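**Q** Structure incoming, see below.
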Amino acid sequence: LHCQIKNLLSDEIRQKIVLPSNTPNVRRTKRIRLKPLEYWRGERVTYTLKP
Amino acid sequence: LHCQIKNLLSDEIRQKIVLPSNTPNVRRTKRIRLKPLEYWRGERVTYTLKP
Amino acid sequence: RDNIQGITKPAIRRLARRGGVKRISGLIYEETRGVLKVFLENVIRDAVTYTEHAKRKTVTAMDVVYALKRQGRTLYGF
Amino acid sequence: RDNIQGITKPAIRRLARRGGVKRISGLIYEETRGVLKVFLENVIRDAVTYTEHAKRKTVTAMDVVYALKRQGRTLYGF
Amino acid sequence: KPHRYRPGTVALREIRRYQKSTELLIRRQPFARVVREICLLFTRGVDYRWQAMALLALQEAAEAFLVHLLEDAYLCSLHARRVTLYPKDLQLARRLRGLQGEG
Amino acid sequence: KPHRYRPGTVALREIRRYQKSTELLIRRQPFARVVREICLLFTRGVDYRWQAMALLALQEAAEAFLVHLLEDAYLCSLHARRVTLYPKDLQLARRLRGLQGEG
Amino acid sequence: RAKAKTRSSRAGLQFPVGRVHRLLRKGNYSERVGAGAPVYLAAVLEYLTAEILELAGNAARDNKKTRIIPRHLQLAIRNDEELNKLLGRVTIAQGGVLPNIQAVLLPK
Amino acid sequence: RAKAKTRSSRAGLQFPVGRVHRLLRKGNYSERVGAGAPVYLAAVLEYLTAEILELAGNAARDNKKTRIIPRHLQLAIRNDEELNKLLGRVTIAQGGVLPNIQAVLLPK
Amino acid sequence: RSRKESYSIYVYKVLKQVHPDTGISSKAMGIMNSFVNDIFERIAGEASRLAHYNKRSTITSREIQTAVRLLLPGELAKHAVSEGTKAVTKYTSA
Amino acid sequence: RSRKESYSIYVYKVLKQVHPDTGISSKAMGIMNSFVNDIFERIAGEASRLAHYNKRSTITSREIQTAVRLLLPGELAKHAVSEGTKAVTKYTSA
DNA sequence: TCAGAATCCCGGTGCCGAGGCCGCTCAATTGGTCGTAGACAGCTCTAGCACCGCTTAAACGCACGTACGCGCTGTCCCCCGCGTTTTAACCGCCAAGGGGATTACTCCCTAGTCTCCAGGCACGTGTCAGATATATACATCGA
DNA sequence: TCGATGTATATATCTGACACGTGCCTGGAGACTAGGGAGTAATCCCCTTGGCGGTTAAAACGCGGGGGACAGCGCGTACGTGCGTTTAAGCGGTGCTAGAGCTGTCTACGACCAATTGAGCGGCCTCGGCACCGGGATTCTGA
């Protein structure tokens with residue numbers, strides 16, 4: 001639910017993760033937006049999971 | 001039809017192409033058998049086609 | 001006057017500088033031709049069977065998209 | 001204990017010898033662990049999604065085959 | 001006394017030009033000729049009604065596929081730590097493509 | 001006064017052994033523990049039962065996948081003309097895999 | 001006769017649902033198609049198109065173009081990490097390639 | 001009434017065209033699956049099974065064993081052009097890897 | 001005087017739900033039509049083999065939900081299941 | 001104890017049809033059964049796509065011709081299509 | 001360091017896909033119903049899921065040691081690059097004519113329905129193949 | 001080059017996972033609608049010609065020099081390896097239990113029916129981005 005505010009701070013802990021901005025009457029999804037994120041050496045989801 | 005005798009001779013003209021042998025009561029298909037044939041520089045079917 | 005030689009080396013150099021290459025050997029001007037030739041053979045050999053099942057003497061772009069899907073590199077826009 | 005080091009170094013060595021390696025740097029003992037870990041995290045999430053759709057509390061040998069078949073590296077004999 | 005530029009560097013200007021221009025890079029007519037060669041090679045010499053918009057579709061598809069494998073080969077040659085390119089680099093990258101490049 | 005032979009050469013005997021043998025190469029229990037470590041990470045901690053046949057199948061799939069990408073990395077490093085191996089070779093090879101090992 | 005209504009408006013959505021259920025039941029995927037399937041389809045498709053069009057418009061506003069060129073779609077797809085994984089084996093007609101240069105090719 | 005005689009024996013083959021047509025019923029590939037198509041499927045599967053098992057038995061003879069362990073299957077499918085091209089995405093349970101060494105690896 | 005069908009008006013409507021101020025090219029329109037058709041047939045094929053795997057001739061939203069879970073990567077699935085569940089709770093009001 | 005499905009009797013039958021002298025492991029038996037199931041579903045999916053592309057809601061042998069020309073590479077498909085035509089001329093005579 | 005030559009905005013200008021826009025008429029949609037897929041109950045075997053000893057291949061480890069990658073001339077060669085000189089594809093455009101998506105029609109010949117009925121499918125047993133001893137050519141390092 | 005020396009390629013035997021018997025059905029073989037699929041078919045419409053002629057945007061060629069690419073050698077390094085303790089794990093068996101499969105039995109629910117209606121093909125038209133053209137801003141390269 002509200003963990004997108006937490007996961008964005010968990011991603012701020014530095015790298016290029018595009019936070020979605022806010023404008024009314026637009027769809028403007030809460031999908032967190034990423035760098036192109038080269039995969040052969042990139043990071044993974046280690047901090048966007050719900051315990 | 002009978003062109004397998006010709007195509008085998010067309011392939012005999014310094015390569016490792018396994019012609020299928022002959023033994024009764026076996027299936028023993030007329031499917032031409034090949035070297036493993038590395039692909040990035042391999043030969044192709046330029047002479048086993050019907051004109 | 002060979003049709004395969006219609007792919008010109010500055011156009012090969014044009015795709016090269018599209019790929020962004022510092023220097024190229026001149027040897028590649030036929031190797032890329034052979035690679036493009038066998039790739040075109042791969043897609044056209046399936047596309048002609050596609051329109052053969054369609055039983056028409058034409059070749060539509062939908063057939064080419066189906067052939068690229070069968071090759072595994074699907075294409076949009078058509 | 002920490003259990004991520006369970007895939008030990010001479011297992012990687014003998015897997016390299018089956019791959020046919022003469023000599024190998026020592027740093028690979030965690031790089032293989034990382035790529036095997038991300039490959040496992042690829043397949044096992046889809047496998048447990050399969051078992052979840054069967055509401056099954058165990059993992060069945062068909063389901064992992066369905067997961068890798070969806071992944072595109074199929075396997076027979078199961 | 002006239003004087004002009006270093007090798008490579010103004011070709012990178014053309015590299016930045018072509019990475020900004022999204023258009024086709026092959027002349028349409030030799031490409032149409034060379035694919036009509038192949039359909040003659042498969043339709044027992046007869047020709048087929050080649051739909052003209054399908055031609056440019058295949059043109060763009062082959063162009064994108066070729067520049068993709070081209071930069072892949074340039075990347076493997078730059079892994080080999082040499083600034084230029086050789087056909088053996090393309091040969092390795094073709095070999096390290098799997099059956100995706102072969103169907 | 002004992003004497004020695006060369007390194008590496010008897011490892012090629014192990015290559016010829018492991019190419020002739022088709023059995024597994026990973027211990028059962030640590031692999032089972034590390035694969036049960038991941039359903040903790042995906043089934044909200046509460047773990048699931050398994051099938052031993054499923055364990056053998058995933059074992060074989062992981063072994064074949066890893067040995068295939070490994071020899072791919074070995075040959076791509078041999079393109080760089082050095083008989084030994086580095087992890088950057090694996091970085092290139094997994095990088096020049098396309099979207100196949102990752103979907 | 002009672003006045004009918006479109007089931008997408010009964011879902012309050014903009015992608016059609018009766019049309020895609022006609023696409024499903026005659027598209028020959030399975031035999032029995034439940035009522036909750038095509039609304040779930042229309043939901044995820046509306047979300048995906050809203051995603052790609054939002055990134056496309058954020059691309060197009062940077063070049064001040066009112067219309068959206070396929071180069072904008074290509075840059076939005078290959079600039080985002082997530083949808084590029086979805087569209088790895090897909091190419092785009094007249095989309096071009098990204099501005100993408102190796103590091104050490106530049107001199108001092 | 002009639003005499004006991006199957007369609008596959010009326011086809012004179014060794015693969016069940018009735019069971020194959022049962023699969024084409026259940027597998028949801030068309031609503032109508034024609035007459036000769038399961039005949040064609042059983043035929044081409046008979047031929048392809050002959051294609052694999054021929055080289056399988058050849059490899060088993062070359063290793064002198066009664067039954068066929070899948071090492072022979074792996075060596076057979078990876079020693080041609082087409083089946084290796086057919087099974088590029090396929091791996092083998094207990095089939096191992098081919099004897100395959102590189103040229104520069106051999107010392108002197 | 002032949003009748004076809006596409007989604008271009010639906011693409012134009014969902015453009016207005018995000019960008020009520022911008023235009024659109026027809027090449028991009030064909031890209032989008034191809035895109036929705038491809039992802040639709042892909043997820044439908046995944047749903048069909050899924051329902052085949054559990055011997056169920058019926059397909060509900062659960063099958064589509066697990067299908068987009070297995071097929072779509074990352075938080076796309078997280079937002080998609082919320083979109084779909086919100087839409088079916090919206091539709092099941094009536 | 002209800003029913004399980006395989007092709008193992010047909011595998012052994014075509015085995016003795018090609019080799020009346022040797023055997024087969026059960027591991028190879030499962031390999032073969034999974035192999036023919038995969039080949040069957042792949043060519044059936046291609047046939048369904050093919051019949052979809054020209055709105056023939058039926059599927060006959062004529063789709064299978066182009067299907068096995070599409071999937072199987074080259075002379076393999078040539079021997080296969082001659083095998084299939086020979087078998088359907090055998091069956092249509094009977 | 002900085003003319004100077006190659007490129008990035010800046011204003012104007014025809015122009016031509018294009019985004020509403022009006023008509024329209026072919027599939028959604030309400031109702032309902034009716035066999036029926038499956039949801040749920042519940043029961044029953046059964047395969048991981050824990051336990052015990054055991055023993056044996058792995059785990060540092062390290063001592064030489066050896067390939068191996070910076071680096072350096074080097075040289076040479078080949079290849080941007082660039083100007084000049086062909087040159088030939090490209091672009092409107094006529095036309096044409098002809099094959100091909102029709103729709104329209106018009107039979108015809110394969111899915112369901114039902115009834116017999118028998119070849120694949122769960123249980124037993126004599127094996128050849130893995131396993132365990134010699135032994136042995138045979139590659140692999142001394143000088 | 002000839003020889004010790006640790007392989008693996010032969011060889012005898014000695015158990016134990018497999019292939020045919022076997023009842024037994026449950027899924028496969030004959031008869032017959034009916035209504036989509038093959039066949040005809042003329043008909044407009046794209047596309048393949050061969051042309052124009054301009055033309056200019058590209059190809060060939062030479063120089064040319066400059067800057068990489070092997071090349072080999074110098075040489076510190078770090079991984080190879082095999083003996084030497086060590087360990088844990090894949091061995092055996094043993095409850096066991098929770099959960100996977102099998103019927104049962106209703107019950108909600110998707111096809112299959114008439115009947116409107118709105119929405120996507122079909123000109124169409126501003127029309128405004130926008131491709132395009134002249135012009136004046138920027139930033140590599142030696143002296």
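Each chain in the structure tokens gets a letter, A, B and so on, in the order shown; residues start at 1 in every chain, and ligands are counted from 1 in the order they appear.
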Mind dumping a table of every chain C residue within 10 Å of chain B, with the nearest atom pair and its distance in Å to one decimal, using only C-alpha atoms, sorted by chain and rising number, as JSON lines?

**A**
```
{"residue": "C:31", "atom": "CA", "partner": "B:41", "partner_atom": "CA", "distance": 9.6}
{"residue": "C:34", "atom": "CA", "partner": "B:41", "partner_atom": "CA", "distance": 9.6}
{"residue": "C:35", "atom": "CA", "partner": "B:40", "partner_atom": "CA", "distance": 8.7}
{"residue": "C:38", "atom": "CA", "partner": "B:44", "partner_atom": "CA", "distance": 8.8}
```

**Q** Working over all C-alpha atoms in order, superimpose chain E onto chain F by least squares and state the RMSD in Å.

**A**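 Least-squares fit of chain E onto chain F, C-alpha RMSD 0.5 Å.
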
**Q** Pick out the chain C residues within 6 Å of chain G. Count only C-alpha atoms. Give them as a list in words.

**A**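 Applying the cut-off to the listed atoms yields residues 73, 74, 75 and 76 of chain C.
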
**Q** Give me, as a VMD selection string, the contact residues of chain K against chain E at a cut-off of 12 Å, counting only C-alpha atoms (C1' of nucleotides).

**A** chain K and resid 4 to 7 78 to 83 88 to 90 98 to 100

**Q** Could you find all residues in chain E that DSSP calls helix (DSSP H, G or I) from the backbone, and write them as number ranges by chain?

**A** E: 9-18, 28-42, 52-79, 87-95, 98-100

**Q** Counting only C-alpha atoms, a student should be able to say which residues of chain I come within 12 Å of chain J; what is the right answer, written as a ChimeraX atom specification?

**A** /I:41,45,48-49,52

**Q** Chain D least-squares fit onto chain C, all C-alpha atoms in order: RMSD in Å?

**A**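 The C-alpha RMSD comes to 0.6 Å.
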
**Q** Quick check, in Å to one decimal: how far apart do CA of residue 37 in chain J and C1' of residue 48 in chain K lie?

**A**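 For CA of residue 37 in chain J relative to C1' of residue 48 in chain K, the distance reads 29.0 Å.
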
**Q** With distances taken over only C-alpha atoms (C1' of nucleotides), which residue among E:46, E:83, E:56, E:90 lies nearest residue 67 in chain L?

**A** E:83

**Q** Please report as a PyMOL selection string which residues of chain J come no farther than 8 Å from chain H, using only C-alpha atoms.

**A** chain J and resi 10-11+13-15+18-19+22-25+27-28+31+36+40+44-45+48+57-62+64+72-74+76+80-81+83-85+87-88+90-91+94

**Q** Restricting the output to N, CA and C atoms, write the selected residues as a short mmCIF file (atom, residue, chain, number, x, y, z; two decimals), in the first residue's frame.

**A**
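So the final result, stored in selection-v5.cif, reads:
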```cif
data_model
loop_
_atom_site.label_atom_id
_atom_site.label_comp_id
_atom_site.auth_asym_id
_atom_site.auth_seq_id
_atom_site.Cartn_x
_atom_site.Cartn_y
_atom_site.Cartn_z
N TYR J 10 4.18 -47.59 -27.99
CA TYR J 10 4.45 -47.21 -29.37
C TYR J 10 5.92 -46.92 -29.58
N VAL J 11 6.59 -46.41 -28.55
CA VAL J 11 8.03 -46.20 -28.60
C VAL J 11 8.75 -47.53 -28.74
N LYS J 13 7.44 -50.26 -29.88
CA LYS J 13 7.05 -50.85 -31.15
C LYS J 13 7.88 -50.30 -32.30
N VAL J 14 8.06 -48.98 -32.35
CA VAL J 14 8.86 -48.41 -33.42
C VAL J 14 10.34 -48.70 -33.19
N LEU J 15 10.73 -48.93 -31.94
CA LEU J 15 12.08 -49.38 -31.63
C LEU J 15 12.36 -50.74 -32.24
N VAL J 18 12.61 -50.55 -35.98
CA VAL J 18 13.89 -50.13 -36.51
C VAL J 18 15.04 -51.00 -36.00
N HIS J 19 14.91 -51.61 -34.84
CA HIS J 19 16.00 -52.39 -34.25
C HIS J 19 15.40 -53.52 -33.43
N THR J 22 17.95 -54.62 -29.66
CA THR J 22 18.48 -53.85 -28.55
C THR J 22 17.35 -53.42 -27.62
N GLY J 23 17.70 -52.66 -26.60
CA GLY J 23 16.73 -52.23 -25.61
C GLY J 23 16.66 -50.73 -25.42
N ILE J 24 16.04 -50.30 -24.32
CA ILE J 24 15.88 -48.88 -24.01
C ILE J 24 15.75 -48.74 -22.50
N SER J 25 16.35 -47.67 -21.95
CA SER J 25 16.14 -47.36 -20.55
C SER J 25 14.83 -46.61 -20.35
N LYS J 27 14.58 -44.01 -18.45
CA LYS J 27 14.92 -42.59 -18.57
C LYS J 27 14.80 -42.13 -20.01
N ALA J 28 15.33 -42.93 -20.94
CA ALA J 28 15.16 -42.64 -22.36
C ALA J 28 13.70 -42.73 -22.77
N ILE J 31 12.19 -39.51 -21.77
CA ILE J 31 12.75 -38.53 -22.70
C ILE J 31 11.98 -38.55 -24.01
N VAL J 36 8.03 -36.37 -27.92
CA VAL J 36 6.96 -36.41 -28.90
C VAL J 36 5.78 -35.55 -28.44
N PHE J 40 4.56 -32.51 -30.78
CA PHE J 40 3.15 -32.51 -31.13
C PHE J 40 2.49 -31.20 -30.76
N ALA J 44 1.16 -28.38 -33.32
CA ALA J 44 -0.26 -28.13 -33.24
C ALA J 44 -0.54 -26.66 -32.99
N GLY J 45 0.31 -26.00 -32.19
CA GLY J 45 0.20 -24.57 -32.03
C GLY J 45 0.47 -23.83 -33.32
N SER J 48 -2.57 -24.26 -35.49
CA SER J 48 -3.68 -23.42 -35.05
C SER J 48 -3.47 -21.98 -35.48
N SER J 57 -11.64 -22.61 -40.09
CA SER J 57 -11.84 -23.09 -38.74
C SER J 57 -11.59 -24.59 -38.63
N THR J 58 -11.64 -25.30 -39.75
CA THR J 58 -11.15 -26.66 -39.83
C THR J 58 -9.62 -26.67 -39.86
N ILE J 59 -9.04 -27.82 -39.52
CA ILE J 59 -7.61 -28.07 -39.73
C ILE J 59 -7.46 -29.43 -40.37
N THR J 60 -6.92 -29.47 -41.59
CA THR J 60 -6.69 -30.70 -42.33
C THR J 60 -5.20 -30.92 -42.52
N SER J 61 -4.86 -31.91 -43.36
CA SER J 61 -3.46 -32.21 -43.66
C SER J 61 -2.75 -31.05 -44.35
N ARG J 62 -3.50 -30.22 -45.08
CA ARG J 62 -2.88 -29.16 -45.88
C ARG J 62 -2.23 -28.11 -45.00
N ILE J 64 -0.86 -29.03 -42.20
CA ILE J 64 0.28 -29.73 -41.62
C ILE J 64 1.46 -29.73 -42.57
N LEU J 72 10.29 -27.58 -39.47
CA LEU J 72 11.45 -28.46 -39.54
C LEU J 72 12.43 -27.96 -40.59
N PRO J 73 13.73 -27.96 -40.27
CA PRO J 73 14.72 -27.40 -41.20
C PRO J 73 15.07 -28.35 -42.33
N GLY J 74 14.65 -27.99 -43.54
CA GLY J 74 15.33 -28.46 -44.75
C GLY J 74 14.98 -29.88 -45.14
N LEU J 76 15.34 -32.64 -43.64
CA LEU J 76 14.53 -33.28 -42.61
C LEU J 76 13.05 -33.12 -42.91
N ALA J 80 10.30 -35.83 -44.19
CA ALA J 80 9.09 -35.91 -43.39
C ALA J 80 7.84 -35.70 -44.24
N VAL J 81 7.88 -34.74 -45.17
CA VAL J 81 6.70 -34.46 -45.97
C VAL J 81 6.49 -35.55 -47.00
N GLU J 83 7.26 -38.70 -46.32
CA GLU J 83 6.71 -39.73 -45.46
C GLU J 83 5.22 -39.52 -45.21
N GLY J 84 4.83 -38.28 -44.95
CA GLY J 84 3.43 -38.00 -44.68
C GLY J 84 2.55 -38.13 -45.91
N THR J 85 3.03 -37.67 -47.06
CA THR J 85 2.27 -37.84 -48.30
C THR J 85 2.14 -39.31 -48.66
N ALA J 87 2.10 -41.76 -46.50
CA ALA J 87 1.17 -42.37 -45.55
C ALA J 87 -0.27 -41.99 -45.85
N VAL J 88 -0.52 -40.75 -46.27
CA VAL J 88 -1.90 -40.39 -46.56
C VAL J 88 -2.35 -40.95 -47.90
N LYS J 90 -1.37 -43.95 -48.71
CA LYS J 90 -1.68 -45.29 -48.22
C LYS J 90 -3.05 -45.34 -47.57
N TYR J 91 -3.36 -44.34 -46.74
CA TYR J 91 -4.60 -44.37 -45.99
C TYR J 91 -5.79 -44.04 -46.86
N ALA J 94 -6.96 -46.95 -48.78
CA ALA J 94 -7.74 -47.87 -47.96
C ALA J 94 -9.04 -47.21 -47.49
#
```

**Q** Please provide the set of residues having any atom within 10 Å of residue 127 in chain K, restricted to only C-alpha atoms (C1' of nucleotides), with same-chain residues fewer than 5 positions apart removed, written as a PyMOL selection string.

**A** chain L and resi 16-19

**Q** Taking only residues of chain A that have an atom at most 8 Å from an atom of chain G, what is each one's shortest atom pair and its distance in Å to one decimal, using only C-alpha atoms, in chain and number order, as JSON lines?

**A**
```
{"residue": "A:27", "atom": "CA", "partner": "G:50", "partner_atom": "CA", "distance": 6.6}
{"residue": "A:28", "atom": "CA", "partner": "G:54", "partner_atom": "CA", "distance": 7.0}
{"residue": "A:29", "atom": "CA", "partner": "G:51", "partner_atom": "CA", "distance": 6.9}
{"residue": "A:33", "atom": "CA", "partner": "G:80", "partner_atom": "CA", "distance": 6.9}
{"residue": "A:34", "atom": "CA", "partner": "G:81", "partner_atom": "CA", "distance": 5.9}
{"residue": "A:35", "atom": "CA", "partner": "G:81", "partner_atom": "CA", "distance": 6.1}
{"residue": "A:36", "atom": "CA", "partner": "G:81", "partner_atom": "CA", "distance": 4.2}
{"residue": "A:37", "atom": "CA", "partner": "G:81", "partner_atom": "CA", "distance": 5.6}
```

**Q** Find the residues around residue 93 in chain F up to 7 Å (only C-alpha atoms (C1' of nucleotides) counted), leave out those fewer than 6 positions away in its own chain, and share them as JSON, numbers by chain.

**A** {"F": [72, 73, 76]}

**Q** Between C:37, C:17, C:51, C:69, which one has atoms that come closest to chain E, using only C-alpha atoms?

**A**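 The shortest atom-to-atom distance to chain E comes from C:17.
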
**Q** For residue 37 in chain F, find every residue with an atom within 10 Å (counting only C-alpha atoms (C1' of nucleotides)), except residues of its own chain fewer than 4 positions away, and show them as an NGL selection string.

**A** (:D and (2-4)) or (:F and (31-33 or 41-42 or 45 or 47))

**Q** Please write the residues from the selection above to a file, keeping N, CA and C atoms, as a tab-separated table (two decimals), in the first residue's frame.

**A**
```
chain	number	residue	atom	x	y	z
D	2	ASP	N	24.79	-19.97	7.05
D	2	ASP	CA	24.32	-18.93	6.14
D	2	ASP	C	23.80	-19.51	4.83
D	3	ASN	N	24.27	-20.71	4.45
D	3	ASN	CA	23.66	-21.60	3.47
D	3	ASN	C	23.76	-21.11	2.02
D	4	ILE	N	24.20	-19.87	1.82
D	4	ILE	CA	24.41	-19.41	0.46
D	4	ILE	C	25.75	-19.91	-0.04
F	31	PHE	N	22.75	-28.25	-1.87
F	31	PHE	CA	21.92	-27.68	-2.92
F	31	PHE	C	20.46	-27.68	-2.52
F	32	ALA	N	20.02	-28.72	-1.83
F	32	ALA	CA	18.65	-28.78	-1.35
F	32	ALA	C	18.40	-27.70	-0.31
F	33	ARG	N	19.38	-27.46	0.56
F	33	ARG	CA	19.22	-26.41	1.56
F	33	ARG	C	19.20	-25.03	0.91
F	41	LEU	N	12.05	-16.86	0.66
F	41	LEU	CA	12.04	-15.53	0.07
F	41	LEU	C	10.82	-15.30	-0.83
F	42	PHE	N	10.10	-16.35	-1.20
F	42	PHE	CA	8.98	-16.14	-2.10
F	42	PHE	C	7.63	-16.57	-1.55
F	45	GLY	N	7.95	-16.63	3.64
F	45	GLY	CA	8.61	-17.32	4.74
F	45	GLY	C	8.17	-18.73	5.03
F	47	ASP	N	7.58	-22.21	4.41
F	47	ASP	CA	8.14	-22.98	3.33
F	47	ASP	C	7.16	-24.04	2.85
```

**Q** Compute the set of chain K residues within 10 Å of chain H, using only C-alpha atoms (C1' of nucleotides), and express it as a list in words.

**A**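 Here they are: residues 110, 111, 116, 117, 118, 119, 128 and 129 of chain K.
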
**Q** Which chain K residues are at most 12 Å from chain D (counting only C-alpha atoms (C1' of nucleotides)), as a ChimeraX atom specification?

**A** /K:47-48,57-60,67

**Q** Residues of chain C near chain E: apply a cut-off of 8 Å, count only C-alpha atoms, and supply the list as a PDB file with C-alpha atoms, in the first residue's frame.

**A**
```
ATOM      1  CA  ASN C   3      22.630  -8.566 -57.158  1.00  0.00           C
ATOM      2  CA  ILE C   4      24.293  -9.531 -53.875  1.00  0.00           C
ATOM      3  CA  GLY C   6      24.096  -4.174 -54.456  1.00  0.00           C
ATOM      4  CA  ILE C   7      24.712  -3.702 -50.745  1.00  0.00           C
ATOM      5  CA  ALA C  11      25.921   1.874 -46.679  1.00  0.00           C
ATOM      6  CA  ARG C  14      26.483   3.794 -42.678  1.00  0.00           C
ATOM      7  CA  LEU C  15      25.127   0.973 -40.533  1.00  0.00           C
ATOM      8  CA  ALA C  16      28.576   0.706 -38.954  1.00  0.00           C
ATOM      9  CA  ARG C  17      28.526   4.331 -37.838  1.00  0.00           C
ATOM     10  CA  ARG C  18      24.951   3.708 -36.760  1.00  0.00           C
ATOM     11  CA  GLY C  19      26.442   1.026 -34.553  1.00  0.00           C
ATOM     12  CA  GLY C  20      29.218   3.464 -33.719  1.00  0.00           C
ATOM     13  CA  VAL C  21      32.506   1.813 -34.676  1.00  0.00           C
ATOM     14  CA  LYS C  22      35.906   3.520 -34.637  1.00  0.00           C
ATOM     15  CA  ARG C  23      37.647   1.628 -37.448  1.00  0.00           C
ATOM     16  CA  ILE C  24      36.629  -1.336 -39.567  1.00  0.00           C
ATOM     17  CA  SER C  25      38.582  -3.797 -41.622  1.00  0.00           C
ATOM     18  CA  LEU C  27      37.075  -7.567 -45.104  1.00  0.00           C
ATOM     19  CA  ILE C  28      33.602  -7.150 -43.602  1.00  0.00           C
ATOM     20  CA  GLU C  31      30.912 -11.021 -44.570  1.00  0.00           C
ATOM     21  CA  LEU C  36      22.386 -10.595 -44.424  1.00  0.00           C
ATOM     22  CA  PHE C  39      19.164 -14.119 -42.675  1.00  0.00           C
ATOM     23  CA  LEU C  40      17.089 -13.065 -45.680  1.00  0.00           C
ATOM     24  CA  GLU C  41      17.022 -16.697 -46.792  1.00  0.00           C
ATOM     25  CA  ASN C  42      15.817 -17.691 -43.317  1.00  0.00           C
ATOM     26  CA  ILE C  44      11.956 -15.613 -47.041  1.00  0.00           C
ATOM     27  CA  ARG C  45      12.005 -19.435 -47.008  1.00  0.00           C
ATOM     28  CA  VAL C  48       6.993 -18.097 -49.231  1.00  0.00           C
ATOM     29  CA  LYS C  57       0.973 -15.044 -55.542  1.00  0.00           C
ATOM     30  CA  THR C  58       1.623 -12.034 -53.298  1.00  0.00           C
ATOM     31  CA  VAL C  59       3.659 -11.514 -50.144  1.00  0.00           C
ATOM     32  CA  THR C  60       1.954  -9.348 -47.537  1.00  0.00           C
ATOM     33  CA  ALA C  61       3.682  -7.733 -44.561  1.00  0.00           C
ATOM     34  CA  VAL C  64       6.754 -11.148 -42.831  1.00  0.00           C
ATOM     35  CA  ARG C  70       8.761 -17.816 -36.150  1.00  0.00           C
ATOM     36  CA  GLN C  71      12.342 -16.596 -36.211  1.00  0.00           C
ATOM     37  CA  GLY C  72      11.681 -15.230 -32.732  1.00  0.00           C
ATOM     38  CA  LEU C  75       8.107  -6.809 -35.151  1.00  0.00           C
ATOM     39  CA  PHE C  78       2.469  -3.675 -39.298  1.00  0.00           C
TER      40      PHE C  78
END
```

**Q** With only C-alpha atoms (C1' of nucleotides) as the counted atoms, please give the residues lying no more than 12 Å from residue 137 in chain K, apart from itself and same-chain residues fewer than 3 positions off, as a ChimeraX atom specification.

**A** /L:7-10
